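Colleague: Right, I'll just put the structure down here and ask away after.
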Amino acid sequence: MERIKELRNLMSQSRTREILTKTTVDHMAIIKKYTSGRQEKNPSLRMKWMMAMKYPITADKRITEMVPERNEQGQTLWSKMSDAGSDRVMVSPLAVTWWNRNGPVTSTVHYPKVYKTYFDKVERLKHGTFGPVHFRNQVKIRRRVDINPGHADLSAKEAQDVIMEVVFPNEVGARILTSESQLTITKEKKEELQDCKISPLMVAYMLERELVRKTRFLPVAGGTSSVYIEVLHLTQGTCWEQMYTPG
Amino acid sequence: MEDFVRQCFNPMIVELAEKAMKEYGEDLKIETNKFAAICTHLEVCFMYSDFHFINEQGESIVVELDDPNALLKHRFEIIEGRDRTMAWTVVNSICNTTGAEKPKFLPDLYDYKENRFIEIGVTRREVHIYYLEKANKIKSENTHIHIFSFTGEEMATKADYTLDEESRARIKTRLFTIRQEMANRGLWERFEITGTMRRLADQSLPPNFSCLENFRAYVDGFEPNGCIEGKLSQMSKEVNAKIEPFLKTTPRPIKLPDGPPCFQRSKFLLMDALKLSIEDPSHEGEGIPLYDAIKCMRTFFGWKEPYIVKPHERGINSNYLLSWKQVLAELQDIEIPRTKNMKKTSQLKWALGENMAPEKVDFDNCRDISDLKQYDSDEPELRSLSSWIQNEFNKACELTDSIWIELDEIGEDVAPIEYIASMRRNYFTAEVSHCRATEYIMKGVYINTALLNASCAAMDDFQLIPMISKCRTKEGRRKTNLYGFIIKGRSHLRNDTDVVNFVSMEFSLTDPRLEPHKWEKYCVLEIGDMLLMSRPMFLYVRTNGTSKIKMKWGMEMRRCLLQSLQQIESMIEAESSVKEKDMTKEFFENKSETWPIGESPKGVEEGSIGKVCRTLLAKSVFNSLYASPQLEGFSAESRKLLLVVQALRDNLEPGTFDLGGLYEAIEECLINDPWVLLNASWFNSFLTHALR
Amino acid sequence: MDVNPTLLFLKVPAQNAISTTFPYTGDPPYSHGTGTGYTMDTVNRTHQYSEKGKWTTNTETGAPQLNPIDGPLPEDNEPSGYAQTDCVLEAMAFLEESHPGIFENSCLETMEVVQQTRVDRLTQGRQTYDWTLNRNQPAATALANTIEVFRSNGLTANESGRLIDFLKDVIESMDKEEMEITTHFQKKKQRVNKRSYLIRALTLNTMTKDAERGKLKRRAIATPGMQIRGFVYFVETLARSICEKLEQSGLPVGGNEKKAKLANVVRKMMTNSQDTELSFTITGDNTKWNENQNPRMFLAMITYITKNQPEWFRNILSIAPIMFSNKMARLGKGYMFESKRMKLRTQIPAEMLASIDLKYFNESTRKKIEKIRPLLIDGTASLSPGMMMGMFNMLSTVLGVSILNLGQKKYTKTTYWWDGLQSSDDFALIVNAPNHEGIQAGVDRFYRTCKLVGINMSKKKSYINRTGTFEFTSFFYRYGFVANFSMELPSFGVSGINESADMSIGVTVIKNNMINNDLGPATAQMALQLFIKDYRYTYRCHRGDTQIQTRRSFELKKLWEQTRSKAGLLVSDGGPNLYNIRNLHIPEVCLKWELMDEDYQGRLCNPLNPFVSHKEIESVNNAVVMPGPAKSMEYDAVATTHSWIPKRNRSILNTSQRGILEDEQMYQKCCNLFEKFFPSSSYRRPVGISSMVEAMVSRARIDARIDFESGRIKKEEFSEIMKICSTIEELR
RNA sequence: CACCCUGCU
RNA sequence: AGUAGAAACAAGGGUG
C-alpha cells in the first residue's frame, strides 16, 4: 500500500510535519481553499486574452507518459512550465484534439445509467406527439411549479443520508434507513452502481439531482405537469400555442 | 486527590479518558468523585483488552506475552477512546463485512471468533438493576454482552460463551485494588461585554443618555404617545412637496453648448472609404491576407510620388510621408509569411511614441523640482454641432448592391412553429442583409479580431495588417475587397484600460478642403490618381489608439442585430394576435403600414417595414461605434422626460416636481461627442414636433 | 429625407418601444486610476449634511465623532441627516400592531440558526480587507490569517470549532495591549499596542465603482473587514427574517415575484370602483440614501425589535451597529504626478497627502484637503455618521416600508391613505383620494414624515401620474408588464468559463429569455446562430470541411478525415450544430450519443484523461456569469475531456509575497493526501478533533486488516503496514 | 548595459 | 504628438 509510504515521505519534512501535527480536522476546511488569487470578474475578457497565447489551459502530470511532448507535425503539446499555486502542467488546446483520435479507449455503455436524468429526456422527445398551431391571446399566471419528471419526493437531507449510505458505505454514521420504498430503491441502486468506472462525486451528484424535488416561480398557462414544464419552449409562447404532449 | 488521575493511573489512560471527557461544562475538578469512576471504567475496559490474541488456527489460547511478537493479531477490536466519525467508520466496516448487525448506541468491542460483538459496563450498581437498566438501553437486538462486576459476577447470552478465566481473575484483582483502599477520603450561552468595548458602546448613544443600560430601560417602556402628529405640526411649512403641472405645450429646448465644431472620432472611416476589388473564390476566412493585399494593390494604375495636401497642425507631418514611403518597399519584399514585422524606422517611431513616458522616478528624491504638480484633473473642452452626421446616417440606411452576411445553418425542423419562425427569419435577413451597417459590423469584427490576436502574440513587434472583407453579389460570384492598411505598436498591456497606439491608412476619394473641420487629426496625403474622368485618390493617415475593453467589445458587434429583430417582430406579434391568421406575410410584403421615422421640410415622412429595419440597425451600430460616457448619461436622463411626454399625450394628467433640475441634468452630459449632440438635437426637434 | 429614429414614437407607445433607447450594445466606462478624491468628497458631504449635529470625540480612540441626531429640524428642500428617534420607534411599533408576531418569529428563527451555524461557512463571499496584511485579500485567506494571528498570542477559545465562540474571541481581542503581528518580508515580527489595535480593526477600505452603467461621474464603494462579517451575518439573518413576509417589501426577494406582487397591488387600487375617488402613482427614487441613515438609528431600532429575548441574543445582535458607528475609512491610493513636462513621473504617499499641502494639485482638491484635514487620525478618516454603499441591504428597506405602512386609513386620521411598494432603491407610492387637495395633502404628509426619518424623496427624479402606466426598477408597466430585450444583451455571448460549461450556458440563457421575457422563435434561431459563430471563432473549432487556418487546424483535420458519420462529432471537435427549439433543453452529448462512433466515445468520455478537475460539490456544473451583483448560474452537460481549467496569474512572483505560493503548495499536498482516504469528504466537511494524521493511520490499520479477512492480498503487506505505522509514530 | 521573469496582484 | 478624461495610458520592479 504505497499510500502510507507516501505519507511517510510527506511526514519526514519539517514543514509538513509541523503543519499536519497542528492541523485539527476542522481547520482542514479552511486549508482546502487558502489562496492568493481571486475570481475573474470579467470572464469573457480574460478568455479572449487566453485563447491567443500558447499555453493557456492546465492539466495533470500523467500527460507526459500518456501524450507525447512533440506532435506528429511538431506543434508543442505541453511544456515544462509548472503552474503557479499548484503542481500541475501548462498545456495548449491542441493536445485535446489529438486525444480524440489517438487516445485510450474504455467502456462507456454502462455510461447512460449514471446520467439517467438526461437520457430520459431524449428518449421522451423521440416519442412526442404532433398537433396544430393556434394564435390567440394567452392568459398567464405566475405561480410555483416543479420541473423534475418524477422523483422520490424525499427531503434534501433525507436523500443526502441516502446517498452517503449508498456511495460511501464505510462512512455513513449512526443514521439508518426507515422507509421500505427508499430501502428498495437503495437496494436496487447499490446493485446498479457495481462495476462502473466513473467519477465519484459526478455519479453521486447525478443521483442527488434525480432525487430531491425543486420548484420555481414561473409564468404558467394551464397545466402544471412537470413533463409539460419541461417543454415550455415549443408548447406555448408570447401569442401562440402549439399542440404537443410529452412522451 | 485533586489530581488523583494524573497521580497513580497510567498516562495513556489519563489522556484517552480525558479527551472523551472534556466535552461540556465539566471542568478538571467538578464533584470530585466521578472522574475516578470514568477513568476506572476505561482502565477495566483496556485491561480486559489485553492478554488475548488470535491464532491463524482460530483457537482461544492464553498468551503470556500480552504483546504479539510477529505474524499474529489480538483477539479484541477496541472501540473505546476512538474518534466519533472513526467509531462509526469502524462499526459500519464491521457491518458490511461478513457478520455484524447495526448497533444503535456506542458499543465497545468486537471478536472474530464466531462473528460476534461484546458490550461491557461496570459501576457501583450491583447486579441486575444495572443489568436491567442496560437491557432497557440495548434490548432491541441480539448481542453478546459479557458484563463483569466487583466480586465475581459475569453473565453471557444464555450463559453461553468460550473464554479463559485467568483474564477475569485479573479483572477481579483490578477491582480489588481500586477500592481506593477503603477510600481514605471517605465516600461511597452567556455573552457579556468587557470594559473597553462597553465604554466604546456607551459613546454611541443619543445625546441625552449616558449608559447603554438606561437606553435599554427606556426603549423597553415605549408606546405611541404622539410623535408624527406633533412634530409635523411643529415642523415649519417651507419643507413640502409642492405639485407642479405639465400642460399641453411641450416645454423649452435643452440648450446645447457653444464652441468650435466636432470632428470624426471613429477608429476607422465611415463614408469616405474605397474598395479595391478582386475576383477570387476565397471564403470568409480564406486566403493569405498579405497575399490578397498584393493581388489587390497590383490592379491599380496611377500611383505617383506622394505630396502632403493637408498638414496636421500639431505634428511633424513629413514623418507621415516617410511612413507611407516605407510601405510599398516592404510590399515588394514579399514579391507570404502570414505575418510581417516592420523595421524601426524613426518615421514609424515618433508616429507611434516610444520613450514618450516620463520615467517613474522615486518621489522623495525629486521633491525639489519646480513643476512638481498633479496632472490634468480638468474638464473636456466644449464643442458644437456639425452637419455631416445626418449625411452619414442617410447613407448608412441605404441598400447596397452586395450581400454581406452568410449564416451557418441549423438543424432541420419538424414542428410547425419552427416552419413559421423560419419563414419569418428568411424575410428579415433578406431585408437586413444589403446595408452599409452590415459592411460596418463585418469590417469592425475582422479588424478588431486581427488586432487583439496579433497584439497578444507579439509584444514588441510593429506588425502590419491589411483590411480585406468578403461579400458576394446577386450574380453569384464572390469578390474580395481591400480598404487600406493598419500598422500596430508595442503592446505591453497590464491594466484592462491600457492603450495600444496604431497608425491607420485608408483610401478615400473625398477632397478634404470641402470640410476641414472633421479632419483635425487626419493628414490627407495625396498618393495616386484614378481614371474613369480623372479624380484624385487620397489616403487619410492618422495615429490613434485602442484599449483592451474597446477591443473586446468590438469583437462582439453582431449582437446589435439582436436589438433590431426583437423590436421588429414584437411589432408583428401584437398585430398577428388580432386577425386570427398568419399575419407576418402581409406585414413584410405589399405592406402599407407606415411609421413616422424622420423629419423633412414637407413634414414627417413615413417608411415601409424594411426602412424601419435598417433604420433600427443604424442606431445600434452607432451606439457601439461612438460609445461614450456622455451617451449613457443622456439616454438615462432623457428617458424620464420621454416617458412624461408620452404619459401626457394620452390623458394621464402628468404633474412634475422640478423640470429645471431635470433640464440641468440633461444638459450636463452634452460636451463634445458628435453622437450625444446629434441625439440631443434629435430629441429637442421631436419634442417640438410632438406638442401633444 | 433626413432620418430620425426618435420620430418612431409618434405611432408606437414610449413603453412598447423602450427597448430601442438603451445604448447597451456599447462598452461601459471604467476608472482610470486612483479613487481617493471620491473618498474625501463623500466624507465631506456627510460631515456637511449633518453640520448642526454635535461635534464629539472618543476617550479610547481619537477619531472625531458627529451626532446627526434630531437637533434642529429642516427648513427647506435640502438633503439632511436629522431623522427622528421617536419617529423610528413608533414607526415600527405601529408595524408590529399591523401584523402581530413578526418580530418574535424572527427572533426565534434567527436564534436557532445562530446557535446552529459554524465558522467554516464564512469561507464563501466576496473579497475582504485583511487587517494583518493591510490589503484586499480573498475570503479564506483572511480567515486563515486572522485565526493564525489569533493563536499566536494568548487566546484559548477559538479551538471550539464553532462560530459564536469565534466571534467571542474577536470580541476579547480588543482588551489586550501588545498584539503581535507577522510580516512576510523575504518572516519578521512587529508589535501593535492597544490604541493602534482598536484603530486597526475598524477600517473598511475604499475602491472605485466600475463598469456600472447609467451615470456620468464615477462613484466609490467600500469593503468591510473580515473581523465584522460575523456580526454582519447575524444582523442580516435577523433583518431578512423580519422582511421575508411583508407584502410591501422586496429585499428578501426574487425575480418574477416582484412583478406578481406589484401586479396584485395595482389590481386592488386599479380595481377601486370608478365611483368617487381618483388616484395617481408617484414613481419616486430616493436621493443620497446611505448618507443620512445612521448607526444610532439602527441601534435603537435593534433595541426595540428584539425586546423580550434572552440577553445572549440581544447583546450578540446589538454589537454590530456599535462597531459600525466608530468606523474609519482609508483615504485611498495617492496621486501620480508629472512633476514637470520632462520625463519625471512619481507616486505620492496617501499618508503624505495628509502630511503635504498638495497646493501643487488643483485648488478644488486643495479645498477638499483643507476641509478633510481634521478628520484624519492615522491614514484614515473618521466617518461617524453616514455609511458607504454596499454594507447593509435590509434595515433601510424596513424603515422605508414602515413609513409606507404609516399611511393606512387607520392612523392618518383623515381621508388620505397612501401606500405602495419599496424595493431598496425605489418607491412606487400609490395615493388614493376623492379630491385633488387630498392628493396634495397626502403627498405632503408623506414627504414630511419621511424627512422625519431621514429618507428624502428625490424631487429631481420623482414624478406623479395617473395609474395605468408607470415604471420602477427598470420594470416598465403599461396596464400590465411588457418586455425589453435590452438589459439581457450583455449576457448573450461566450460566457468565458470552459468549452462544455459554455455550450450549455448559452442555450440555457436563450431558454430563460424565450420562456420569460418574450423572445420569439425567429429571434431564438437568430441568437442560436450568432452564438455558434462567436463560439467557433473564440475557440478555433471551425467545421471539418473548412480550410480556415488556425493553430488547431491539422489535428481537427485528422479527426475529420477518419469518421464514418461526423454528425456524431461534437461541436468543439468540428461537428455540425443541430440545436433548435425542440432540442433546446438537452445537453449536446446526450443529444448526439446515438450518432457517435464507439472508440471516439471511449476517448472522449474516459475518466482516465488528465484535463478534468473536480472540486468541492459546492462548485459543480455551476458558473458565476457576468450580469446587479453576481448570482450563481447552473447548467448541465455530459462531463467530458473539454472541461479544463485555464491558468492563473503569475504576478506574485516578481514581488515580496512569493512565499505565500510555496505555503499554498505545501497545504495542498497535505490536503490531497487526506482526500485519498475518505472520498465522502466531497459530500461532507468531516468534523473531528485530531492531528489529521490520526485519521490516516487509523483507517490504514483498519482497512488493511479488513481486506485481508476476505479479499485476496498476502500478509507481508499486513506486517509491513503495521511497521510503517510504528514508523509514522516514532517521531513526535 | 547586456540579458530575461510579468500581461486582473 | 495620440488616447482619453475630474485621473491616467504612451511597459515597470531585478541583476553588471
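Following the order of the C-alpha cells, first chain is A, next is B, and so on, with residues numbered from 1 inside each chain and ligands from 1 in the order they appear.
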Residues within 7 Å of region 1-7 of chain E, please, as a PyMOL selection string. Count only C-alpha atoms (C1' of nucleotides); anything in the same chain fewer than 4 positions from it doesn't count.

Modeller: (chain B and resi 314-315+377-380+499+543-545) or (chain C and resi 32-34)

Colleague: Would you mind exporting N, CA and C atoms of the selected residues as a PDB file, in the first residue's frame?

Modeller:
```pdb
ATOM      1  N   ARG B 314      -0.583  70.015 -35.447  1.00  0.00           N
ATOM      2  CA  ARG B 314       0.300  69.686 -34.330  1.00  0.00           C
ATOM      3  C   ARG B 314       0.982  68.355 -34.618  1.00  0.00           C
ATOM      4  N   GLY B 315       2.129  68.424 -35.287  1.00  0.00           N
ATOM      5  CA  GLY B 315       2.900  67.237 -35.601  1.00  0.00           C
ATOM      6  C   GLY B 315       3.953  67.476 -36.662  1.00  0.00           C
ATOM      7  N   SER B 377      -6.806  66.677 -14.401  1.00  0.00           N
ATOM      8  CA  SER B 377      -7.800  66.932 -13.340  1.00  0.00           C
ATOM      9  C   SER B 377      -8.696  68.069 -13.796  1.00  0.00           C
ATOM     10  N   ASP B 378      -8.936  68.175 -15.105  1.00  0.00           N
ATOM     11  CA  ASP B 378      -9.894  69.195 -15.509  1.00  0.00           C
ATOM     12  C   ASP B 378     -10.878  68.663 -16.539  1.00  0.00           C
ATOM     13  N   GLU B 379     -11.648  69.542 -17.121  1.00  0.00           N
ATOM     14  CA  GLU B 379     -12.814  69.140 -17.873  1.00  0.00           C
ATOM     15  C   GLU B 379     -12.531  69.131 -19.354  1.00  0.00           C
ATOM     16  N   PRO B 380     -13.246  68.307 -20.109  1.00  0.00           N
ATOM     17  CA  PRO B 380     -13.104  68.339 -21.563  1.00  0.00           C
ATOM     18  C   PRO B 380     -13.569  69.667 -22.132  1.00  0.00           C
ATOM     19  N   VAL B 499      -3.490  51.382 -23.312  1.00  0.00           N
ATOM     20  CA  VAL B 499      -3.665  51.784 -24.703  1.00  0.00           C
ATOM     21  C   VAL B 499      -2.609  51.127 -25.577  1.00  0.00           C
ATOM     22  N   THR B 543      -2.796  58.737 -36.495  1.00  0.00           N
ATOM     23  CA  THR B 543      -2.304  57.982 -35.342  1.00  0.00           C
ATOM     24  C   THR B 543      -3.348  57.973 -34.235  1.00  0.00           C
ATOM     25  N   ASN B 544      -3.927  56.809 -33.957  1.00  0.00           N
ATOM     26  CA  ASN B 544      -4.937  56.710 -32.911  1.00  0.00           C
ATOM     27  C   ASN B 544      -4.600  55.558 -31.977  1.00  0.00           C
ATOM     28  N   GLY B 545      -5.536  55.230 -31.096  1.00  0.00           N
ATOM     29  CA  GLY B 545      -5.275  54.203 -30.108  1.00  0.00           C
ATOM     30  C   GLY B 545      -6.531  53.470 -29.704  1.00  0.00           C
TER      31      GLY B 545
ATOM     32  N   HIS C  32      -9.936  55.096 -14.376  1.00  0.00           N
ATOM     33  CA  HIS C  32      -8.536  55.184 -14.784  1.00  0.00           C
ATOM     34  C   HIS C  32      -7.655  55.672 -13.638  1.00  0.00           C
ATOM     35  N   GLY C  33      -7.561  54.886 -12.582  1.00  0.00           N
ATOM     36  CA  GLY C  33      -6.565  55.186 -11.576  1.00  0.00           C
ATOM     37  C   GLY C  33      -7.201  55.318 -10.210  1.00  0.00           C
ATOM     38  N   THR C  34      -6.604  56.189  -9.410  1.00  0.00           N
ATOM     39  CA  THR C  34      -6.958  56.295  -8.009  1.00  0.00           C
ATOM     40  C   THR C  34      -8.398  56.742  -7.831  1.00  0.00           C
TER      41      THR C  34
END
```

Colleague: Each residue of chain A lying at most 9 Å from chain D should get a row with its shortest atom-to-atom pair and the distance in Å to one decimal, counting only C-alpha atoms (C1' of nucleotides); could you produce that, ordered by chain and increasing number, as a Markdown table?

Modeller:
```
| residue | atom | partner | partner_atom | distance |
| --- | --- | --- | --- | --- |
| A:36 | CA | D:9 | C1' | 8.4 |
| A:37 | CA | D:9 | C1' | 7.8 |
| A:38 | CA | D:8 | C1' | 8.9 |
| A:40 | CA | D:8 | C1' | 7.2 |
| A:41 | CA | D:8 | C1' | 8.1 |
| A:42 | CA | D:8 | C1' | 8.8 |
| A:46 | CA | D:8 | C1' | 8.2 |
```

Colleague: Could you write out that same residue set with C-alpha atoms as an mmCIF file, in the first residue's frame?

Modeller:
```
data_model
loop_
_atom_site.group_PDB
_atom_site.id
_atom_site.type_symbol
_atom_site.label_atom_id
_atom_site.label_comp_id
_atom_site.auth_asym_id
_atom_site.auth_seq_id
_atom_site.Cartn_x
_atom_site.Cartn_y
_atom_site.Cartn_z
ATOM 1 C CA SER A 36 -3.724 34.334 -3.009
ATOM 2 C CA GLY A 37 -5.740 34.555 -6.224
ATOM 3 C CA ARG A 38 -9.257 35.891 -6.747
ATOM 4 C CA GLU A 40 -12.110 36.506 -12.804
ATOM 5 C CA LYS A 41 -14.541 39.404 -12.608
ATOM 6 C CA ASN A 42 -14.752 39.676 -16.387
ATOM 7 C CA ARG A 46 -9.604 37.226 -19.989
#
```

Colleague: Show me, as a Markdown table, the residues of chain B having an atom within 6 Å of chain C, each with the closest atom pair and its distance in Å, using only C-alpha atoms.

Modeller:
```
| residue | atom | partner | partner_atom | distance |
| --- | --- | --- | --- | --- |
| B:190 | CA | C:312 | CA | 5.8 |
| B:191 | CA | C:312 | CA | 5.4 |
| B:201 | CA | C:322 | CA | 5.6 |
| B:224 | CA | C:90 | CA | 5.6 |
| B:238 | CA | C:76 | CA | 5.7 |
| B:239 | CA | C:76 | CA | 4.8 |
| B:240 | CA | C:444 | CA | 5.7 |
| B:241 | CA | C:444 | CA | 5.5 |
| B:285 | CA | C:548 | CA | 5.7 |
| B:286 | CA | C:548 | CA | 5.6 |
| B:358 | CA | C:343 | CA | 3.5 |
| B:359 | CA | C:344 | CA | 5.3 |
| B:360 | CA | C:345 | CA | 4.6 |
| B:361 | CA | C:346 | CA | 5.7 |
| B:362 | CA | C:346 | CA | 5.9 |
| B:363 | CA | C:346 | CA | 5.2 |
| B:371 | CA | C:340 | CA | 4.6 |
| B:372 | CA | C:339 | CA | 3.4 |
| B:373 | CA | C:360 | CA | 4.4 |
| B:374 | CA | C:337 | CA | 4.4 |
| B:410 | CA | C:578 | CA | 5.7 |
| B:411 | CA | C:578 | CA | 4.0 |
| B:421 | CA | C:522 | CA | 4.6 |
| B:425 | CA | C:522 | CA | 5.6 |
| B:596 | CA | C:8 | CA | 5.3 |
| B:597 | CA | C:7 | CA | 4.9 |
| B:598 | CA | C:4 | CA | 4.2 |
| B:600 | CA | C:1 | CA | 5.5 |
| B:623 | CA | C:23 | CA | 5.4 |
| B:624 | CA | C:26 | CA | 3.9 |
| B:627 | CA | C:26 | CA | 5.5 |
| B:632 | CA | C:214 | CA | 5.7 |
| B:633 | CA | C:215 | CA | 5.2 |
| B:636 | CA | C:214 | CA | 5.8 |
| B:652 | CA | C:466 | CA | 5.1 |
| B:654 | CA | C:465 | CA | 4.8 |
| B:655 | CA | C:464 | CA | 5.3 |
| B:656 | CA | C:463 | CA | 5.1 |
| B:657 | CA | C:459 | CA | 5.5 |
| B:658 | CA | C:460 | CA | 5.5 |
| B:661 | CA | C:460 | CA | 5.9 |
| B:662 | CA | C:460 | CA | 5.9 |
```

Colleague: Go ahead and dump the residues you just picked, N, CA and C atoms, as a tab-separated table (two decimals), in the first residue's frame.

Modeller:
```tsv
chain	number	residue	atom	x	y	z
B	190	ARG	N	-23.61	32.37	27.74
B	190	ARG	CA	-23.53	33.71	28.30
B	190	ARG	C	-22.51	34.52	27.52
B	191	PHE	N	-22.94	35.66	26.99
B	191	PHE	CA	-22.07	36.56	26.23
B	191	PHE	C	-22.17	37.97	26.82
B	201	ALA	N	-19.21	51.34	23.37
B	201	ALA	CA	-20.65	51.33	23.14
B	201	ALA	C	-21.33	52.51	23.79
B	224	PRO	N	-46.74	54.47	21.42
B	224	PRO	CA	-47.02	55.74	20.73
B	224	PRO	C	-47.80	56.75	21.57
B	238	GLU	N	-42.16	75.44	5.15
B	238	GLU	CA	-41.44	75.54	3.89
B	238	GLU	C	-41.12	74.15	3.34
B	239	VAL	N	-40.76	73.22	4.22
B	239	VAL	CA	-40.40	71.88	3.79
B	239	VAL	C	-41.66	71.17	3.33
B	240	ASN	N	-41.81	71.04	2.02
B	240	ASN	CA	-43.01	70.44	1.47
B	240	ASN	C	-42.69	69.90	0.09
B	241	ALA	N	-43.63	69.15	-0.45
B	241	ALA	CA	-43.51	68.59	-1.80
B	241	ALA	C	-44.62	69.22	-2.62
B	285	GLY	N	-13.05	33.29	-44.26
B	285	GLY	CA	-11.78	33.33	-43.57
B	285	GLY	C	-10.64	32.72	-44.37
B	286	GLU	N	-10.77	32.72	-45.69
B	286	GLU	CA	-9.83	32.03	-46.56
B	286	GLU	C	-8.80	32.99	-47.15
B	358	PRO	N	7.29	59.67	-19.11
B	358	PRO	CA	8.16	60.10	-18.02
B	358	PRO	C	8.56	58.97	-17.09
B	359	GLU	N	9.85	58.84	-16.81
B	359	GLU	CA	10.34	57.71	-16.05
B	359	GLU	C	9.80	57.76	-14.63
B	360	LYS	N	9.27	56.62	-14.14
B	360	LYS	CA	8.65	56.57	-12.78
B	360	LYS	C	9.80	56.66	-11.79
B	361	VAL	N	10.32	57.85	-11.58
B	361	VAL	CA	11.44	58.08	-10.69
B	361	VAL	C	10.83	58.18	-9.30
B	362	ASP	N	11.63	57.92	-8.27
B	362	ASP	CA	11.14	57.97	-6.90
B	362	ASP	C	10.80	59.40	-6.52
B	363	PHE	N	9.72	59.58	-5.76
B	363	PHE	CA	9.22	60.92	-5.48
B	363	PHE	C	10.10	61.64	-4.46
B	371	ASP	N	8.27	72.10	-11.11
B	371	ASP	CA	6.95	71.85	-11.67
B	371	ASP	C	6.25	70.68	-11.01
B	372	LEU	N	6.54	70.41	-9.73
B	372	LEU	CA	6.01	69.24	-9.04
B	372	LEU	C	4.52	69.45	-8.80
B	373	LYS	N	3.69	68.95	-9.72
B	373	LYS	CA	2.22	69.17	-9.60
B	373	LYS	C	1.42	67.99	-10.16
B	374	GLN	N	0.16	67.82	-9.74
B	374	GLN	CA	-0.67	66.67	-10.20
B	374	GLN	C	-1.22	67.03	-11.56
B	410	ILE	N	-28.77	25.61	-39.36
B	410	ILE	CA	-29.03	24.90	-38.11
B	410	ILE	C	-29.76	23.59	-38.39
B	411	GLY	N	-30.06	22.84	-37.33
B	411	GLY	CA	-30.69	21.55	-37.50
B	411	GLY	C	-32.06	21.66	-38.12
B	421	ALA	N	-41.43	30.22	-37.84
B	421	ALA	CA	-40.33	31.11	-37.46
B	421	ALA	C	-39.26	31.17	-38.54
B	425	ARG	N	-37.79	34.55	-40.44
B	425	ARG	CA	-36.40	34.99	-40.45
B	425	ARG	C	-35.84	35.06	-41.86
B	596	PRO	N	-43.71	56.83	-38.67
B	596	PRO	CA	-43.01	58.11	-38.74
B	596	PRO	C	-41.57	57.92	-38.30
B	597	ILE	N	-40.64	58.12	-39.23
B	597	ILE	CA	-39.25	57.74	-39.00
B	597	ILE	C	-38.30	58.88	-39.34
B	598	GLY	N	-38.80	60.10	-39.40
B	598	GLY	CA	-37.91	61.19	-39.75
B	598	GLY	C	-38.65	62.50	-39.90
B	600	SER	N	-38.61	66.17	-42.52
B	600	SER	CA	-38.20	66.88	-43.72
B	600	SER	C	-39.04	68.14	-43.83
B	623	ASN	N	-24.31	53.20	-31.47
B	623	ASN	CA	-24.15	53.21	-30.02
B	623	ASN	C	-22.85	52.55	-29.59
B	624	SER	N	-22.36	51.58	-30.37
B	624	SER	CA	-21.09	50.94	-30.10
B	624	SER	C	-19.93	51.67	-30.77
B	627	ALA	N	-19.26	54.79	-28.83
B	627	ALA	CA	-19.62	54.64	-27.43
B	627	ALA	C	-18.89	55.68	-26.59
B	632	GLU	N	-24.53	57.61	-22.34
B	632	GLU	CA	-25.32	56.89	-21.34
B	632	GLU	C	-26.02	57.86	-20.40
B	633	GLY	N	-25.30	58.88	-19.93
B	633	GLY	CA	-25.94	59.91	-19.12
B	633	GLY	C	-27.10	60.55	-19.84
B	636	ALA	N	-30.10	58.02	-20.15
B	636	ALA	CA	-30.69	57.71	-18.86
B	636	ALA	C	-31.44	58.89	-18.27
B	652	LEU	N	-53.22	61.23	-19.12
B	652	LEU	CA	-52.90	60.64	-17.83
B	652	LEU	C	-52.60	61.69	-16.76
B	654	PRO	N	-50.24	64.29	-16.19
B	654	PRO	CA	-48.91	64.25	-15.60
B	654	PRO	C	-48.57	65.55	-14.90
B	655	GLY	N	-47.99	65.44	-13.71
B	655	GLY	CA	-47.51	66.59	-12.97
B	655	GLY	C	-46.11	66.33	-12.45
B	656	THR	N	-45.27	67.35	-12.39
B	656	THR	CA	-43.86	67.18	-12.08
B	656	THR	C	-43.52	67.86	-10.76
B	657	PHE	N	-42.26	67.73	-10.36
B	657	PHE	CA	-41.73	68.42	-9.19
B	657	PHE	C	-40.70	69.49	-9.53
B	658	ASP	N	-39.77	69.20	-10.45
B	658	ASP	CA	-38.69	70.14	-10.75
B	658	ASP	C	-38.22	69.85	-12.18
B	661	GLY	N	-34.31	71.38	-12.86
B	661	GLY	CA	-33.26	70.46	-12.49
B	661	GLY	C	-33.10	69.32	-13.47
B	662	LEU	N	-34.21	68.77	-13.96
B	662	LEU	CA	-34.10	67.69	-14.93
B	662	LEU	C	-33.46	68.19	-16.21
```

Colleague: Using the chain letters and numbers from this document, which residues of region 427-475 of chain C does DSSP assign to strand (DSSP E or B), as a ChimeraX atom specification?

Modeller: /C:427-433,457,463-466,469-472,475

Colleague: Those residues with C-alpha atoms, as an mmCIF file, in the first residue's frame please?

Modeller:
```cif
data_model
loop_
_atom_site.group_PDB
_atom_site.id
_atom_site.type_symbol
_atom_site.label_atom_id
_atom_site.label_comp_id
_atom_site.auth_asym_id
_atom_site.auth_seq_id
_atom_site.Cartn_x
_atom_site.Cartn_y
_atom_site.Cartn_z
ATOM 1 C CA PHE C 427 -40.720 53.559 -4.030
ATOM 2 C CA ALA C 428 -43.909 53.350 -6.056
ATOM 3 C CA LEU C 429 -46.310 55.396 -3.919
ATOM 4 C CA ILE C 430 -49.937 54.948 -4.947
ATOM 5 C CA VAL C 431 -52.136 57.611 -3.354
ATOM 6 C CA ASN C 432 -55.920 57.287 -3.176
ATOM 7 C CA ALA C 433 -58.346 60.143 -2.567
ATOM 8 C CA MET C 457 -37.589 61.748 -1.979
ATOM 9 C CA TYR C 463 -42.977 62.351 -10.838
ATOM 10 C CA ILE C 464 -46.841 61.983 -10.370
ATOM 11 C CA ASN C 465 -49.020 60.251 -12.936
ATOM 12 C CA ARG C 466 -52.476 58.727 -13.161
ATOM 13 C CA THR C 469 -48.797 53.157 -16.932
ATOM 14 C CA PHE C 470 -45.763 53.600 -14.600
ATOM 15 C CA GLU C 471 -42.252 52.114 -14.180
ATOM 16 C CA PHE C 472 -39.834 51.278 -11.300
ATOM 17 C CA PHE C 475 -39.503 47.307 -14.989
#
```

Colleague: Taking only C-alpha atoms into account, find every residue of chain A that has an atom no more than 7 Å from chain C, and write it out as a ChimeraX atom specification.

Modeller: /A:8,16,20-26,29-36,38,42-44,47-48,51,56-60,62-63,84-86,94,97-101,103-108,118-119,122,142,168,171,198-199,201,217,232-234,238
